[PDB]
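*Asks:* Input coords-v2.pdb, format and content: PDB, C-alpha atoms and all ligand atoms.
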ATOM      1  CA  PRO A   1     -30.520  27.417  14.069
ATOM      2  CA  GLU A   2     -28.368  24.529  12.842
ATOM      3  CA  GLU A   3     -27.434  26.143   9.609
ATOM      4  CA  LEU A   4     -27.472  29.565  11.081
ATOM      5  CA  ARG A   5     -24.874  28.413  13.553
ATOM      6  CA  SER A   6     -23.075  27.097  10.502
ATOM      7  CA  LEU A   7     -23.646  30.437   8.697
ATOM      8  CA  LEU A   8     -21.687  32.501  11.221
ATOM      9  CA  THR A   9     -18.662  30.303  10.564
ATOM     10  CA  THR A  10     -18.002  31.905   7.137
ATOM     11  CA  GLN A  11     -20.940  34.258   6.698
ATOM     12  CA  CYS A  12     -20.889  37.650   8.378
ATOM     13  CA  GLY A  13     -24.166  37.218  10.121
ATOM     14  CA  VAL A  14     -23.842  40.454  11.851
ATOM     15  CA  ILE A  15     -27.276  41.780  12.410
ATOM     16  CA  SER A  16     -27.736  45.180  11.077
ATOM     17  CA  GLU A  17     -29.682  47.022  13.828
ATOM     18  CA  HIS A  18     -32.115  44.044  14.202
ATOM     19  CA  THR A  19     -34.488  45.120  11.409
ATOM     20  CA  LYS A  20     -32.093  44.656   8.454
ATOM     21  CA  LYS A  21     -31.195  41.278  10.014
ATOM     22  CA  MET A  22     -27.995  39.242   9.790
ATOM     23  CA  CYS A  23     -25.354  40.248   7.359
ATOM     24  CA  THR A  24     -25.225  37.857   4.430
ATOM     25  CA  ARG A  25     -21.724  38.444   3.052
ATOM     26  CA  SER A  26     -18.668  36.804   4.450
ATOM     27  CA  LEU A  27     -17.391  37.691   8.058
ATOM     28  CA  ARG A  28     -14.686  39.758   6.427
ATOM     29  CA  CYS A  29     -17.366  41.724   4.530
ATOM     30  CA  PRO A  30     -16.886  45.330   5.927
ATOM     31  CA  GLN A  31     -15.545  46.473   9.304
ATOM     32  CA  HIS A  32     -17.894  44.014  10.903
ATOM     33  CA  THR A  33     -15.530  42.547  13.397
ATOM     34  CA  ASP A  34     -15.173  39.173  15.130
ATOM     35  CA  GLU A  35     -17.130  40.694  17.936
ATOM     36  CA  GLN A  36     -19.860  41.716  15.674
ATOM     37  CA  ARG A  37     -20.428  38.183  14.475
ATOM     38  CA  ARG A  38     -19.988  36.892  18.019
ATOM     39  CA  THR A  39     -22.719  39.178  19.164
ATOM     40  CA  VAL A  40     -25.060  37.434  16.765
ATOM     41  CA  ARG A  41     -24.195  33.876  17.693
ATOM     42  CA  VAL A  42     -24.605  34.620  21.337
ATOM     43  CA  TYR A  43     -27.898  36.263  20.473
ATOM     44  CA  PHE A  44     -29.279  33.438  18.295
ATOM     45  CA  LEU A  45     -27.785  30.240  19.485
ATOM     46  CA  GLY A  46     -27.348  31.076  23.139
ATOM     47  CA  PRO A  47     -25.601  33.275  25.799
ATOM     48  CA  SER A  48     -23.018  30.534  26.151
ATOM     49  CA  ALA A  49     -22.767  29.908  22.398
ATOM     50  CA  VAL A  50     -19.500  31.706  22.025
ATOM     51  CA  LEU A  51     -17.941  29.643  19.344
ATOM     52  CA  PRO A  52     -14.487  30.562  18.011
TER      53      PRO A  52
HETATM   54 ZN    ZN B 101     -21.144  42.289   7.015
END
Let me see the file written as structure tokens.
Ligand SMILES: [Zn+2]
*Replies:*
Amino acid sequence: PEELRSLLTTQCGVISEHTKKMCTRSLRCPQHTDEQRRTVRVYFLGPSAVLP
């Protein structure tokens, strides 16, 4: 969780339909938006883990 939380800072992390898991490329990777990465943080680290 520590490094995962640190992952989402530069790494996409956007979970591809749960099964494929977090996206491993950078945030900017595809059309995976800020919301898309947000969705993951709030999922993994907490409902109130909306980091910028
Ligand atoms: Zn991505």
*Asks:* Might you pull out every residue within 10 Å of residue A:11, with all atoms listed in the file counted and same-chain residues fewer than 4 positions away left off, and present them as a VMD selection string?
*Replies:* chain A and resid 4 to 7 22 to 29 37
*Asks:* Given 3 Å of margin on each side, can you work out the centre and size in Å (one decimal) of an axis-aligned box holding every listed atom of stretch 34-49 of chain A, as AutoDock Vina command-line options?
*Replies:*
--center_x -22.2 --center_y 35.8 --center_z 20.3 --size_x 20.1 --size_y 17.8 --size_z 17.7
*Asks:* Would you mind telling me which residue in A:20, A:40, A:14, A:52 lies nearest to ligand ZN 101 (chain B) when using only C-alpha atoms and all ligand atoms?
*Replies:*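 Residue with the minimum atom-to-atom distance to ligand ZN 101 (chain B): A:14.
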*Asks:* Neighbouring residues of residue A:51 were defined as those with any atom within 8 Å, considering only C-alpha atoms; residues of the same chain fewer than 2 positions away were excluded. Please report them as a list in words.
*Replies:* residues 38, 41 and 49 of chain A
*Asks:* Which is closer to ligand ZN 101 (chain B) than all the others in A:50, A:45, A:18, A:13, using only C-alpha atoms and all ligand atoms?
*Replies:*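 Closest residue, counting only C-alpha atoms and all ligand atoms: A:13.
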*Asks:* Add whatever atoms are absent from stretch 17-31 of chain A to reach N, CA, C and O atoms, and provide the output as a short mmCIF file (atom, residue, chain, number, x, y, z; two decimals), keeping the file's coordinate frame.
*Replies:*
data_model
loop_
_atom_site.label_atom_id
_atom_site.label_comp_id
_atom_site.auth_asym_id
_atom_site.auth_seq_id
_atom_site.Cartn_x
_atom_site.Cartn_y
_atom_site.Cartn_z
N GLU A 17 -28.71 46.31 12.98
CA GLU A 17 -29.68 47.02 13.83
C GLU A 17 -31.04 46.28 13.92
O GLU A 17 -32.12 46.88 13.90
N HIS A 18 -30.96 44.96 14.06
CA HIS A 18 -32.12 44.04 14.20
C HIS A 18 -33.03 43.95 12.97
O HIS A 18 -33.27 42.85 12.47
N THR A 19 -33.50 45.07 12.48
CA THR A 19 -34.49 45.12 11.41
C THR A 19 -33.92 44.64 10.05
O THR A 19 -34.60 43.91 9.32
N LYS A 20 -32.69 45.02 9.73
CA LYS A 20 -32.09 44.66 8.45
C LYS A 20 -31.67 43.18 8.49
O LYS A 20 -31.50 42.54 7.46
N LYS A 21 -31.54 42.68 9.71
CA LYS A 21 -31.20 41.28 10.01
C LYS A 21 -29.72 40.99 9.82
O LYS A 21 -28.92 41.92 9.63
N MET A 22 -29.37 39.72 9.94
CA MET A 22 -28.00 39.24 9.79
C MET A 22 -27.36 39.65 8.49
O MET A 22 -28.02 39.75 7.45
N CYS A 23 -26.07 39.88 8.54
CA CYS A 23 -25.35 40.25 7.36
C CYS A 23 -25.04 39.00 6.53
O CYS A 23 -24.54 38.03 7.06
N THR A 24 -25.26 39.06 5.26
CA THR A 24 -25.22 37.86 4.43
C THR A 24 -23.88 37.58 3.76
O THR A 24 -23.59 36.44 3.38
N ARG A 25 -23.06 38.61 3.60
CA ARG A 25 -21.72 38.44 3.05
C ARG A 25 -20.85 37.69 4.00
O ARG A 25 -21.28 37.33 5.06
N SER A 26 -19.64 37.47 3.63
CA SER A 26 -18.67 36.80 4.45
C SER A 26 -18.36 37.65 5.73
O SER A 26 -18.69 38.82 5.78
N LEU A 27 -17.79 37.03 6.75
CA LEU A 27 -17.39 37.69 8.06
C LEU A 27 -16.60 38.95 7.77
O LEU A 27 -16.91 40.04 8.27
N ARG A 28 -15.67 38.78 6.85
CA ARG A 28 -14.69 39.76 6.43
C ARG A 28 -15.31 40.92 5.63
O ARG A 28 -14.64 41.90 5.32
N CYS A 29 -16.59 40.80 5.35
CA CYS A 29 -17.37 41.72 4.53
C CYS A 29 -16.99 43.24 4.62
O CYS A 29 -16.60 43.82 3.61
N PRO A 30 -17.11 43.90 5.78
CA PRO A 30 -16.89 45.33 5.93
C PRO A 30 -15.87 45.60 7.08
O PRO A 30 -14.72 45.16 7.02
N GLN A 31 -16.33 46.24 8.15
CA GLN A 31 -15.54 46.47 9.30
C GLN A 31 -16.29 45.77 10.44
O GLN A 31 -16.12 46.05 11.62
#
